[PDB]
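Just add 166 to the spot in the sequence shown (first one is 1) and you have the numbering used here. Right, one structure below, let's go through it.
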Amino acid sequence: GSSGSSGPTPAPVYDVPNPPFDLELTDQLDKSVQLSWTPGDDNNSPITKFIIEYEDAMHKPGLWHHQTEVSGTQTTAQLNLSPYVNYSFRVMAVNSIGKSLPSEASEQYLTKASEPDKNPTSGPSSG
Numbered sequence: 167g168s169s170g171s172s173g174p175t176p177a178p179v180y181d182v183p184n185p186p187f188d189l190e191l192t193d194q195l196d197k198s199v200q201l202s203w204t205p206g207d208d209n210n211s212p213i214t215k216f217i218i219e220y221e222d223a224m225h226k227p228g229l230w231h232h233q234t235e236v237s238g239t240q241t242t243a244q245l246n247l248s249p250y251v252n253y254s255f256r257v258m259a260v261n262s263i264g265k266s267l268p269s270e271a272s273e274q275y276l277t278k279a280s281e282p283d284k285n286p287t288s289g290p291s292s293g
């Protein structure tokens, strides 16, 4: 990482819009779930857009793809889910600076299948 010190100058400092938190999943339509995220600090540079991504845990866990984005004003976007599909949802913030890192990682939303129980394959993840 960089390393400096001293330097009198009334200059600001940015670093893309920090990642969101408290990520949650709530809906009430039918075939369209809404992803509620909370954009933390903007770091001088205000949010302009919010990209999202997900990873097919039911297929290839760790493969994030392009889901959808929105304006830097809203904080709720609809996600298209399918039956027998597991994956996470990561929100991203993009401003004049650039695109920040993806949100931590919301809960594992598993659609309805031919069997109850959230995740079919449980395991000691993160211990």
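Beta carbons are placed, not taken as given, at the ideal position from N, Cα and C, and that holds for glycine.
Rounded to whole angstroms, what's the CA-CA distance from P282 to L267? Just pull it up for me.
In a straight line, the C-alpha of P282 is about 34 Å away from that of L267.
May I ask which residues mark the beginning and end of the beta strand (DSSP E) holding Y180?
No beta strand (DSSP E) contains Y180, which DSSP labels as neither H nor E.
Would you call the CB atoms of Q240 and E219 closer than 7 Å?
It is not a contact, given that the beta carbons lie outside the stated cut-off.
What residues in its chain sit with their C-beta under 6 Å from that of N209, if we drop five residues either side in the sequence?
In its chain, beyond the 5 residues on either side, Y180, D181 have a beta carbon closer than 6 Å to the beta carbon of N209.
Relative to the C-alpha of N246, which residue among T192, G238, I213 is closest?
That would be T192, whose Cα lies nearest to the Cα of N246.
Given a cut-off of 7 Å, decide if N261 and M224 are closer than it, judged by their beta-carbon atoms.
Cβ distance not < 7 Å, so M224 and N261 don't count as in contact.
Below 7 Å between beta carbons: does that hold for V236 and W203?
The Cβ atoms of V236 and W203 lie no closer than 7 Å to each other.
Would the beta-carbon of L189 fall within 7 Å of that of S272?
Going by beta carbons, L189 and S272 fall inside the 7 Å limit.
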